[PDB]
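Inspection log for the structure reproduced underneath, given as structure tokens.
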Amino acid sequence: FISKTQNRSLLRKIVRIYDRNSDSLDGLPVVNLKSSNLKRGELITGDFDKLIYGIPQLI
Amino acid sequence: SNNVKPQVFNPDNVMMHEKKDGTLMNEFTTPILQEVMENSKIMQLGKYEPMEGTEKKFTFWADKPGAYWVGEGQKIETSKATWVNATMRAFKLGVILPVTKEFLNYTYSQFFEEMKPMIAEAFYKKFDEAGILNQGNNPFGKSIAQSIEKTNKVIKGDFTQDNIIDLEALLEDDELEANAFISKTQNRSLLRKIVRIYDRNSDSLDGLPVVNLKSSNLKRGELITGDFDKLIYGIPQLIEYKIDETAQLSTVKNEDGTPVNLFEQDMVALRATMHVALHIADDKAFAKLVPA
């Protein structure tokens with residue numbers, strides 16, 4: 001899952017389906033985006049092995 | 001004057017071999033300890049900073065540089081890294097322990113060595129209560145409690161799953177995530193009977209550690225949380241002990257009202273001092289739950 005940390009609250013108070021100790025939702029890892037564009041109420045999930053990236057030039 | 005009853009003192013902090021009824025404290029058995037004495041919770045939770053004067057200057061990164069997507073042969077734009085300045089100063093803790101040389105010879109030969117752990121505990125408690133709770137006439141003008149009062153970052157309510165989670169969430173609004181809780185052990189009860197969110201086996205609340213303050217100033221219904229890496233402390237002087245046999249002590253008085261002279265009166269005193277410094281690196285990083 002992809003989340004914004006501002007909505008851990010909404011994952012804590014539902015019943016448990018989430019834990020912060022591993023930071024996992026229903027057994028999958030939650031990854032936090034440190035950005036302003038993913039809003040409070042929004043959660044993303046997928047088979048992320050279907051996302052491929054490459055780097056022709058290192059910095 | 002040829003007076004042989006022992007001196008009465010005010011405020012009466014002097015250790016004496018003879019009691020006023022004439023009991024002589026020979027064959028004295030060294031006091032044993034009913035506890036394990038407390039570390040500083042500031043020094044447990046906060047970050048240490050090496051300090052060599054009594055003032056330290058901090059520079060923190062504040063703005064990260066940007067980046068641009070650029071087409072082939074398009075102009076790359078410029079960007080800026082920013083920092084912010086901050087500073088912390090030290091203050092002095094101290095105590096004096098006066099003792100009569102009869103007491104030091106015949107009653108408790110090692111008193112000024114066995115007192116050192118207890119003096120350290122007294123300084124740690126004084127520092128914790130000053131920097132966390134803003135209590136005991138703190139010098140710094142900086143504290144967790146004063147940061148929470150300034151930001152008004154407070155929940156009024158009972159210990160409930162909603163109020164404890166809303167308290168933690170009140171930090172994450174600022175992208176800051178809580179790193180611990182501060183509690184008074186008298187309110188473990190209120191953490192036990194809510195449903196579970198707490199366990200005593202680890203003494204953790206919702207996965208974070210709970211740290212107990214052994215002080216009277218944090219009330220029953222009150223719970224504190226924050227990103228405690230935003231609390232920084234330093235120690236220019238580790239505790240130094242000077243033992244003296246000839247000073248006057250003005251802060252103690254004889255029964256006749258005179259200051260205590262250690263040479264005329266055949267006495268010894270231990271002076272302990274320490275310099276210690278506190279900085280709250282981000283005053284938004286802390287929040288409090290308080291009873292209605």
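Going by the structure tokens order, chains are called A, B, ..., each with residues numbered from 1, while ligands are numbered from 1 in the order shown.
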
- [ ] Output as a ChimeraX atom specification all residues of region 13-52 of chain B that backbone DSSP marks as helix (DSSP H, G or I).
- [x] /B:41-45

Write a file of the selected residues as a short mmCIF file (atom, residue, chain, number, x, y, z; two decimals), in the first residue's frame, keeping N, CA, C and O atoms.
```cif
data_model
loop_
_atom_site.label_atom_id
_atom_site.label_comp_id
_atom_site.auth_asym_id
_atom_site.auth_seq_id
_atom_site.Cartn_x
_atom_site.Cartn_y
_atom_site.Cartn_z
N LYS B 41 14.83 11.22 32.58
CA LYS B 41 13.99 10.93 31.41
C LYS B 41 14.26 11.86 30.24
O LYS B 41 14.07 11.46 29.09
N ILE B 42 14.71 13.09 30.49
CA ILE B 42 15.22 13.93 29.39
C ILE B 42 16.42 13.27 28.72
O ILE B 42 16.49 13.18 27.50
N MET B 43 17.37 12.79 29.52
CA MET B 43 18.56 12.17 28.95
C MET B 43 18.25 10.82 28.32
O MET B 43 19.00 10.37 27.45
N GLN B 44 17.19 10.15 28.76
CA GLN B 44 16.75 8.92 28.11
C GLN B 44 16.07 9.19 26.77
O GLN B 44 16.37 8.53 25.77
N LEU B 45 15.14 10.14 26.73
CA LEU B 45 14.36 10.40 25.53
C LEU B 45 15.07 11.31 24.52
O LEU B 45 15.01 11.05 23.32
#
```

- [ ] For chain A, work out the contacting residues on chain B at 6 Å, counting only C-alpha atoms, and write them as a ChimeraX atom specification.
- [x] /B:169,172-173,207

Would you output that residue set with N, CA and C atoms, as a JSON list (two decimals), in the first residue's frame?
```
[["chain", "number", "residue", "atom", "x", "y", "z"],
["B", 169, "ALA", "N", -2.43, 11.52, 16.38],
["B", 169, "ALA", "CA", -2.70, 12.16, 15.08],
["B", 169, "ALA", "C", -2.46, 13.66, 15.09],
["B", 172, "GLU", "N", 0.88, 14.17, 13.70],
["B", 172, "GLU", "CA", 1.06, 13.76, 12.31],
["B", 172, "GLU", "C", 0.42, 14.73, 11.33],
["B", 173, "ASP", "N", -0.48, 15.59, 11.80],
["B", 173, "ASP", "CA", -0.86, 16.75, 10.99],
["B", 173, "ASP", "C", 0.36, 17.52, 10.48],
["B", 207, "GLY", "N", 1.99, 0.55, 20.59],
["B", 207, "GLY", "CA", 3.29, 0.28, 19.99],
["B", 207, "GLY", "C", 4.43, 1.20, 20.36]]
```

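Those residues of region 92-155 of chain B that DSSP, working from the backbone, places in strand (DSSP E or B) are residues 92, 93, 94, 95, 96, 97, 98, 99, 100, 154 and 155 of chain B.
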
Convert the current residue selection to file output with C-alpha atoms, as a PDB file, in the first residue's frame.
```pdb
ATOM      1  CA  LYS B  92      23.907  25.512  37.059  1.00  0.00           C
ATOM      2  CA  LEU B  93      22.415  22.974  39.459  1.00  0.00           C
ATOM      3  CA  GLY B  94      23.879  22.702  42.937  1.00  0.00           C
ATOM      4  CA  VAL B  95      23.476  21.430  46.481  1.00  0.00           C
ATOM      5  CA  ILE B  96      25.431  21.564  49.748  1.00  0.00           C
ATOM      6  CA  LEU B  97      25.383  18.821  52.411  1.00  0.00           C
ATOM      7  CA  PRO B  98      26.637  19.936  55.881  1.00  0.00           C
ATOM      8  CA  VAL B  99      27.926  17.353  58.380  1.00  0.00           C
ATOM      9  CA  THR B 100      29.490  17.513  61.843  1.00  0.00           C
ATOM     10  CA  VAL B 154      -4.100  20.002  23.634  1.00  0.00           C
ATOM     11  CA  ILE B 155      -6.885  17.381  23.866  1.00  0.00           C
TER      12      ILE B 155
END
```

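Note that CA of residue 59 (chain B) and CA of residue 81 (chain B) are 12.7 Å apart.
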
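In this model, the gap between CA of residue 38 (chain B) and CA of residue 144 (chain B) comes to 20.0 Å.
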
Task: Spatial neighbours of residue 46 (chain A), 9 Å, only C-alpha atoms, chain gap at least 4 places, as a ChimeraX atom specification - done: /A:1-2,50

Go ahead and write the selection's residues with N, CA, C and O atoms as a PDB file, in the first residue's frame.
```
ATOM      1  N   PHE A   1       0.829  -1.203   0.000  1.00  0.00           N
ATOM      2  CA  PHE A   1       0.000   0.000   0.000  1.00  0.00           C
ATOM      3  C   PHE A   1       0.865   1.256   0.000  1.00  0.00           C
ATOM      4  O   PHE A   1       1.958   1.267   0.565  1.00  0.00           O
ATOM      5  N   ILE A   2       0.373   2.313  -0.645  1.00  0.00           N
ATOM      6  CA  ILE A   2       0.952   3.654  -0.578  1.00  0.00           C
ATOM      7  C   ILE A   2      -0.002   4.571   0.186  1.00  0.00           C
ATOM      8  O   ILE A   2      -1.194   4.653  -0.146  1.00  0.00           O
ATOM      9  N   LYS A  50       4.580  -4.886 -11.216  1.00  0.00           N
ATOM     10  CA  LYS A  50       4.162  -4.375 -12.516  1.00  0.00           C
ATOM     11  C   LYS A  50       4.609  -2.941 -12.775  1.00  0.00           C
ATOM     12  O   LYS A  50       4.208  -2.364 -13.789  1.00  0.00           O
TER      13      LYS A  50
END
```

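Distance check against residue 256 (chain B) using only C-alpha atoms: of B:2, B:30, B:10, B:163, the minimum falls on B:10.
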
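The two atoms in question, CA of residue 103 (chain B) and CA of residue 269 (chain B), are spaced 11.9 Å apart.
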